file upload-v4.pdb (PDB, C-alpha atoms)
MODEL        1
ATOM      1  CA  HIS P   3     -21.809 -33.834  12.186
ATOM      2  CA  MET P   4     -21.850 -32.771   8.530
ATOM      3  CA  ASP P   5     -22.549 -29.151   9.422
ATOM      4  CA  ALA P   6     -19.466 -28.003  11.303
ATOM      5  CA  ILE P   7     -17.368 -29.863   8.736
ATOM      6  CA  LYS P   8     -19.120 -28.656   5.589
ATOM      7  CA  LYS P   9     -18.933 -25.062   6.859
ATOM      8  CA  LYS P  10     -15.240 -25.434   7.696
ATOM      9  CA  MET P  11     -14.617 -26.888   4.268
ATOM     10  CA  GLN P  12     -16.367 -23.887   2.763
ATOM     11  CA  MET P  13     -14.286 -21.504   4.830
ATOM     12  CA  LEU P  14     -11.147 -23.170   3.449
ATOM     13  CA  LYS P  15     -12.258 -22.802  -0.161
ATOM     14  CA  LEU P  16     -13.196 -19.201   0.536
ATOM     15  CA  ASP P  17      -9.840 -18.455   2.123
ATOM     16  CA  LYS P  18      -8.047 -19.883  -0.919
ATOM     17  CA  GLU P  19     -10.128 -17.776  -3.300
ATOM     18  CA  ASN P  20      -9.229 -14.662  -1.341
ATOM     19  CA  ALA P  21      -5.498 -15.421  -1.475
ATOM     20  CA  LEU P  22      -5.879 -15.981  -5.191
ATOM     21  CA  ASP P  23      -7.500 -12.553  -5.558
ATOM     22  CA  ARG P  24      -4.586 -11.010  -3.669
ATOM     23  CA  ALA P  25      -2.075 -12.722  -5.943
ATOM     24  CA  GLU P  26      -4.065 -11.495  -8.933
ATOM     25  CA  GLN P  27      -3.887  -7.879  -7.769
ATOM     26  CA  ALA P  28      -0.185  -7.958  -6.959
ATOM     27  CA  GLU P  29       0.456  -9.520 -10.375
ATOM     28  CA  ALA P  30      -1.426  -6.644 -11.986
ATOM     29  CA  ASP P  31       0.733  -4.144 -10.108
ATOM     30  CA  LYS P  32       3.905  -6.022 -11.041
ATOM     31  CA  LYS P  33       3.115  -5.693 -14.757
ATOM     32  CA  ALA P  34       2.287  -1.990 -14.458
ATOM     33  CA  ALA P  35       5.666  -1.456 -12.853
ATOM     34  CA  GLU P  36       7.356  -3.562 -15.549
ATOM     35  CA  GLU P  37       5.826  -1.554 -18.372
ATOM     36  CA  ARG P  38       6.894   1.713 -16.725
ATOM     37  CA  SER P  39      10.417   0.275 -16.396
ATOM     38  CA  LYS P  40      10.418  -0.466 -20.117
ATOM     39  CA  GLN P  41       9.483   3.150 -20.843
ATOM     40  CA  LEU P  42      12.126   4.445 -18.443
ATOM     41  CA  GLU P  43      14.729   2.211 -20.090
ATOM     42  CA  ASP P  44      13.951   3.595 -23.561
ATOM     43  CA  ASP P  45      13.999   7.134 -22.222
ATOM     44  CA  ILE P  46      17.477   6.430 -20.740
ATOM     45  CA  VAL P  47      18.859   5.004 -23.997
ATOM     46  CA  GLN P  48      17.619   8.118 -25.774
ATOM     47  CA  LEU P  49      18.981  10.563 -23.228
ATOM     48  CA  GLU P  50      22.268   8.691 -23.247
ATOM     49  CA  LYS P  51      22.389   9.096 -27.021
ATOM     50  CA  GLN P  52      21.774  12.838 -26.631
ATOM     51  CA  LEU P  53      24.591  13.034 -24.031
ATOM     52  CA  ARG P  54      27.197  11.356 -26.254
ATOM     53  CA  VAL P  55      26.218  13.565 -29.203
ATOM     54  CA  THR P  56      26.379  16.686 -26.997
ATOM     55  CA  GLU P  57      29.773  15.727 -25.580
ATOM     56  CA  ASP P  58      31.195  15.262 -29.103
ATOM     57  CA  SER P  59      29.673  18.523 -30.294
ATOM     58  CA  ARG P  60      31.033  20.326 -27.242
ATOM     59  CA  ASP P  61      34.526  19.028 -28.032
ATOM     60  CA  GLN P  62      34.316  20.143 -31.690
ATOM     61  CA  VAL P  63      33.195  23.674 -30.841
ATOM     62  CA  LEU P  64      35.784  23.994 -28.050
ATOM     63  CA  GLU P  65      38.525  23.104 -30.554
ATOM     64  CA  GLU P  66      37.028  25.587 -33.055
ATOM     65  CA  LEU P  67      36.968  28.305 -30.410
ATOM     66  CA  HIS P  68      40.718  27.851 -29.820
ATOM     67  CA  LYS P  69      41.466  28.117 -33.557
ATOM     68  CA  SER P  70      39.357  31.249 -33.936
ATOM     69  CA  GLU P  71      40.977  32.796 -30.866
ATOM     70  CA  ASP P  72      44.400  32.014 -32.333
ATOM     71  CA  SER P  73      43.540  33.350 -35.803
ATOM     72  CA  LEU P  74      42.301  36.520 -34.128
ATOM     73  CA  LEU P  75      45.560  36.927 -32.245
ATOM     74  CA  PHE P  76      47.591  36.352 -35.421
ATOM     75  CA  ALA P  77      45.498  38.977 -37.256
ATOM     76  CA  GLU P  78      46.259  41.529 -34.521
ATOM     77  CA  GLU P  79      49.962  40.723 -34.588
ATOM     78  CA  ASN P  80      50.199  41.073 -38.392
ATOM     79  CA  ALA P  81      48.281  44.342 -38.504
ATOM     80  CA  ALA P  82      50.597  45.647 -35.760
ATOM     81  CA  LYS P  83      53.744  44.479 -37.607
ATOM     82  CA  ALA P  84      52.673  46.024 -40.907
TER      83      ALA P  84
ATOM     84  CA  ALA U   1     -10.955 -47.004   5.499
ATOM     85  CA  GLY U   2     -14.422 -45.814   4.526
ATOM     86  CA  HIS U   3     -15.261 -43.248   7.189
ATOM     87  CA  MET U   4     -13.784 -40.118   8.796
ATOM     88  CA  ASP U   5     -10.343 -41.164   7.645
ATOM     89  CA  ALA U   6     -11.375 -40.357   4.125
ATOM     90  CA  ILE U   7     -13.167 -37.223   5.186
ATOM     91  CA  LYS U   8     -10.116 -36.089   7.146
ATOM     92  CA  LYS U   9      -7.904 -36.641   4.165
ATOM     93  CA  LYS U  10     -10.064 -34.044   2.426
ATOM     94  CA  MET U  11      -9.860 -31.442   5.139
ATOM     95  CA  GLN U  12      -6.049 -31.704   5.111
ATOM     96  CA  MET U  13      -6.184 -31.322   1.314
ATOM     97  CA  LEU U  14      -8.224 -28.139   1.491
ATOM     98  CA  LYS U  15      -5.857 -26.810   4.122
ATOM     99  CA  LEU U  16      -3.041 -27.435   1.614
ATOM    100  CA  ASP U  17      -4.762 -25.585  -1.245
ATOM    101  CA  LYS U  18      -5.246 -22.692   1.158
ATOM    102  CA  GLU U  19      -1.637 -22.733   2.326
ATOM    103  CA  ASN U  20      -0.337 -22.898  -1.233
ATOM    104  CA  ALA U  21      -2.517 -19.993  -2.347
ATOM    105  CA  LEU U  22      -1.429 -17.910   0.648
ATOM    106  CA  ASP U  23       2.177 -18.751  -0.218
ATOM    107  CA  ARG U  24       1.644 -17.703  -3.807
ATOM    108  CA  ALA U  25      -0.073 -14.487  -2.724
ATOM    109  CA  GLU U  26       2.972 -13.632  -0.635
ATOM    110  CA  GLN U  27       5.390 -14.402  -3.442
ATOM    111  CA  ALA U  28       3.285 -12.265  -5.837
ATOM    112  CA  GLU U  29       3.468  -9.371  -3.368
ATOM    113  CA  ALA U  30       7.267  -9.842  -3.210
ATOM    114  CA  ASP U  31       7.660  -9.784  -7.020
ATOM    115  CA  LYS U  32       5.511  -6.687  -7.158
ATOM    116  CA  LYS U  33       7.702  -4.884  -4.656
ATOM    117  CA  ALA U  34      10.791  -5.974  -6.584
ATOM    118  CA  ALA U  35       9.431  -4.736  -9.927
ATOM    119  CA  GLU U  36       8.515  -1.391  -8.385
ATOM    120  CA  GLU U  37      11.945  -1.071  -6.779
ATOM    121  CA  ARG U  38      13.508  -1.626 -10.189
ATOM    122  CA  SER U  39      11.341   1.245 -11.484
ATOM    123  CA  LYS U  40      12.441   3.595  -8.729
ATOM    124  CA  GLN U  41      16.064   2.704  -9.519
ATOM    125  CA  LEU U  42      15.616   3.676 -13.187
ATOM    126  CA  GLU U  43      13.959   6.910 -12.049
ATOM    127  CA  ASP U  44      17.091   7.617  -9.957
ATOM    128  CA  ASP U  45      19.140   6.753 -13.033
ATOM    129  CA  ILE U  46      17.221   9.176 -15.247
ATOM    130  CA  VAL U  47      17.390  11.981 -12.661
ATOM    131  CA  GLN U  48      21.198  11.580 -12.539
ATOM    132  CA  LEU U  49      21.595  11.279 -16.305
ATOM    133  CA  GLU U  50      19.455  14.363 -16.949
ATOM    134  CA  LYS U  51      21.582  16.400 -14.489
ATOM    135  CA  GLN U  52      24.681  15.416 -16.453
ATOM    136  CA  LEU U  53      22.948  16.168 -19.742
ATOM    137  CA  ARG U  54      21.802  19.607 -18.573
ATOM    138  CA  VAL U  55      25.338  20.507 -17.532
ATOM    139  CA  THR U  56      26.948  19.319 -20.766
ATOM    140  CA  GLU U  57      24.349  21.085 -22.975
ATOM    141  CA  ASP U  58      24.773  24.352 -21.035
ATOM    142  CA  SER U  59      28.554  24.025 -21.339
ATOM    143  CA  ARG U  60      28.203  23.339 -25.047
ATOM    144  CA  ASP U  61      25.933  26.373 -25.520
ATOM    145  CA  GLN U  62      28.389  28.607 -23.657
ATOM    146  CA  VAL U  63      31.340  27.557 -25.825
ATOM    147  CA  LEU U  64      29.228  27.918 -28.990
ATOM    148  CA  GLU U  65      28.170  31.457 -28.007
ATOM    149  CA  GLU U  66      31.761  32.387 -27.304
ATOM    150  CA  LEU U  67      32.731  30.897 -30.652
ATOM    151  CA  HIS U  68      30.141  32.844 -32.573
ATOM    152  CA  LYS U  69      31.421  36.021 -30.937
ATOM    153  CA  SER U  70      35.047  35.297 -31.808
ATOM    154  CA  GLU U  71      34.110  34.320 -35.374
ATOM    155  CA  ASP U  72      32.174  37.544 -35.990
ATOM    156  CA  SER U  73      35.166  39.523 -34.665
ATOM    157  CA  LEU U  74      37.594  37.720 -36.976
ATOM    158  CA  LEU U  75      35.229  38.013 -39.929
ATOM    159  CA  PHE U  76      35.216  41.786 -39.440
ATOM    160  CA  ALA U  77      38.999  41.830 -39.632
ATOM    161  CA  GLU U  78      38.871  39.652 -42.778
ATOM    162  CA  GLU U  79      36.167  41.586 -44.607
ATOM    163  CA  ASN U  80      38.173  44.708 -43.855
ATOM    164  CA  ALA U  81      41.263  43.224 -45.466
ATOM    165  CA  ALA U  82      39.203  41.771 -48.288
ATOM    166  CA  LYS U  83      37.681  45.189 -49.011
ATOM    167  CA  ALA U  84      40.982  47.104 -49.031
TER     168      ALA U  84
ENDMDL
END
call {"tool": "encode", "arguments": {"input": "upload-v4.pdb", "output": "structure tokens"}}
result
Amino acid sequence: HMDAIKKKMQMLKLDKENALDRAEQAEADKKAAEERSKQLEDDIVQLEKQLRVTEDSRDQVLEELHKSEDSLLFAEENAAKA
Amino acid sequence: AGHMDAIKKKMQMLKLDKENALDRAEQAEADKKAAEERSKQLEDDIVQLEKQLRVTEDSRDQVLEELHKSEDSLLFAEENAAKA
């Protein structure tokens, strides 16, 4: 009869629509994750920049410490020799 | 074939649309999990990078402090000579 069939056909359309709604939701979550990733990536680039800059500054000051330390020693020596 | 053959071809068809949509829903769920796992990975990356940045900045501050102390000490010596 046209009942059992029409109802089954309707159940099949319904089931498809539900799967489509599930895909829609997952897709929405995918894009939220992707946009967070983009923010994290920018954050990383920036913190990497800060790291390189800090490393190079650290090196400069370390080298300046040695020179100062040396100059101090030479000042003590010279005073003592005077 | 006018008859149930034609109406059976439809049923099959609707079964297909359903199967395809289910398939696509599964694949969408898989891409979502993948995108989120990429995010977690970058979070791990930033946690690690920040640890390295905190160490380097603390090290740099410690050397800089030491340097300022040494510099002041030397300057004293020099101002003393300059003033004599």
call {"tool": "residues_around", "arguments": {"input": "upload-v4.pdb", "residues": "residue 42 of chain U", "least_positions_apart": "5", "cutoff": "8 Å", "atoms": "all atoms listed in the file", "output": "list in words"}}
result
residues 39, 42 and 43 of chain P
call {"tool": "closest_residue", "arguments": {"input": "upload-v4.pdb", "among": "U:62, U:48, U:80, U:70", "to": "chain P", "atoms": "only C-alpha atoms"}}
result
U:70
call {"tool": "interface_residues", "arguments": {"input": "upload-v4.pdb", "of": "chain P", "to": "chain U", "cutoff": "7 Å", "atoms": "only C-alpha atoms", "output": "number ranges by chain"}}
result
P: 11, 14-15, 17-18, 21-22, 24-25, 28-29, 31-32, 35-36, 38-39, 42, 46, 53, 56-57, 60, 63-64, 67, 70-71, 74
call {"tool": "axis_aligned_box", "arguments": {"input": "upload-v4.pdb", "around": "segment 60-77 of chain P", "padding_each_side": "4 Å", "output": "JSON"}}
result
{"center_x": 39.3, "center_y": 29.0, "center_z": -32.2, "size_x": 24.6, "size_y": 27.9, "size_z": 18.0}
call {"tool": "atom_distance", "arguments": {"input": "upload-v4.pdb", "atom1": "atom CA of residue 34 of chain P", "atom2": "atom CA of residue 50 of chain P"}}
result
24.3 Å
call {"tool": "atom_distance", "arguments": {"input": "upload-v4.pdb", "atom1": "atom CA of residue 44 of chain U", "atom2": "atom CA of residue 48 of chain P"}}
result
15.8 Å
call {"tool": "atom_distance", "arguments": {"input": "upload-v4.pdb", "atom1": "atom CA of residue 59 of chain P", "atom2": "atom CA of residue 79 of chain U"}}
result
27.9 Å
call {"tool": "decode", "arguments": {"input": "upload-v4.pdb", "residues": "segment 40-55 of chain P", "atoms": "N, CA and C atoms", "output": "CSV table (one decimal), in the first residue's frame"}}
result
chain,number,residue,atom,x,y,z
P,40,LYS,N,44.6,30.1,14.1
P,40,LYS,CA,45.1,31.2,13.5
P,40,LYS,C,45.6,32.3,14.5
P,41,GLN,N,44.9,32.4,15.6
P,41,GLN,CA,45.3,33.3,16.7
P,41,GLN,C,46.5,32.7,17.4
P,42,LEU,N,46.5,31.4,17.7
P,42,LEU,CA,47.7,30.8,18.3
P,42,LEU,C,48.9,30.9,17.4
P,43,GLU,N,48.8,30.8,16.1
P,43,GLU,CA,49.9,30.9,15.2
P,43,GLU,C,50.6,32.3,15.2
P,44,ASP,N,49.7,33.3,15.3
P,44,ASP,CA,50.2,34.7,15.3
P,44,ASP,C,50.9,35.0,16.6
P,45,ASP,N,50.3,34.5,17.7
P,45,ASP,CA,50.8,34.6,19.1
P,45,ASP,C,52.3,33.9,19.1
P,46,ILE,N,52.4,32.8,18.4
P,46,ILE,CA,53.7,32.1,18.4
P,46,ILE,C,54.8,32.9,17.6
P,47,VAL,N,54.4,33.4,16.4
P,47,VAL,CA,55.3,34.2,15.6
P,47,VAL,C,55.8,35.4,16.5
P,48,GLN,N,54.9,36.0,17.2
P,48,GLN,CA,55.2,37.2,18.1
P,48,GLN,C,56.1,36.8,19.2
P,49,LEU,N,55.8,35.7,19.9
P,49,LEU,CA,56.6,35.2,21.0
P,49,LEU,C,58.0,34.7,20.5
P,50,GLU,N,58.0,34.2,19.3
P,50,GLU,CA,59.3,33.8,18.7
P,50,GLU,C,60.1,35.0,18.5
P,51,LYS,N,59.5,36.1,17.9
P,51,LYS,CA,60.2,37.3,17.7
P,51,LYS,C,60.8,37.8,19.0
P,52,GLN,N,60.0,37.8,20.1
P,52,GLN,CA,60.5,38.3,21.4
P,52,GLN,C,61.7,37.5,21.9
P,53,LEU,N,61.6,36.1,21.6
P,53,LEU,CA,62.7,35.2,22.0
P,53,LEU,C,64.1,35.6,21.3
P,54,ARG,N,64.0,35.7,20.0
P,54,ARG,CA,65.2,36.0,19.3
P,54,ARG,C,65.8,37.3,19.8
P,55,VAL,N,65.0,38.4,19.9
P,55,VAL,CA,65.4,39.7,20.4
P,55,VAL,C,66.0,39.6,21.8
